[PDB]
Amino acid sequence: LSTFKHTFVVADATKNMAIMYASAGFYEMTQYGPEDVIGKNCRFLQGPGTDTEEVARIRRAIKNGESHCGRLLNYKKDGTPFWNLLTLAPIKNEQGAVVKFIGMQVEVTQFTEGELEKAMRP
Ligand SMILES: Cc1cc2nc3c(=O)[nH]c(=O)nc-3n(C[C@H](O)[C@H](O)[C@H](O)COP(=O)(O)O)c2cc1C
């Protein structure tokens, strides 16, 4: 995991799951800037049609300190909908307390026959 490779955000469980850090990929993906992200909650990416039950699964997972993944619909700054494969993982300290969550986002795109050929024979 690198911040100049990958797309993720870090939430502070001690400051109410406010985002404390976002990677470059996240700003590129969503088109939002730091002023729209840092200190906020990523639920701002949700919008019309976002699945309520998936969002409830995310909420329950965070409440429980559990790892999680799920596809949900999100919205870029210009209002473009995209499918977000969101992976959540808790971060604990020494004591085994959840102090942060990391969230890793993948904008769904078509996986092609070409990419598959590449994958099995790099
Ligand atoms: C580290 C982290 C990253 C998150 N990233 C996203 C995201 O990219 N898109 C999204 O819709 N929700 C994301 N969420 C979920 C929202 O922050 C929120 O937890 C979710 O909408 C359910 O809670 P709510 O019902 O109070 O909104 C993320 C949560 C955490 C903790």
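Using UniProt numbering, the first residue of the sequence shown is number 51, and each one after it goes up by one.
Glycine included, every Cβ here is placed at the ideal spot set by N, Cα and C.
Judged by their CB atoms, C92 and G153 are nearer to each other than the 8 Å cut-off. If you compare the alpha carbons of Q160, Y82, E78, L138 with that of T53, the shortest gap goes to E78.
With respect to the 8 Å criterion, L136 and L122 are classified as neighbours on the basis of their beta carbons.
Rounded to whole angstroms, the gap between the alpha carbons of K55 and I88 is 20 Å. Distances between the C-beta of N66 and the heavy atoms of ligand 1 are all 7 Å or more.
Taking 7 Å as the cut-off, the C-beta of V105 counts as close to a heavy atom of ligand 1. In this chain, the beta strand (DSSP E) harbouring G153 covers 148-157. For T80, the enclosing alpha helix (DSSP H) begins and ends at 74-80.
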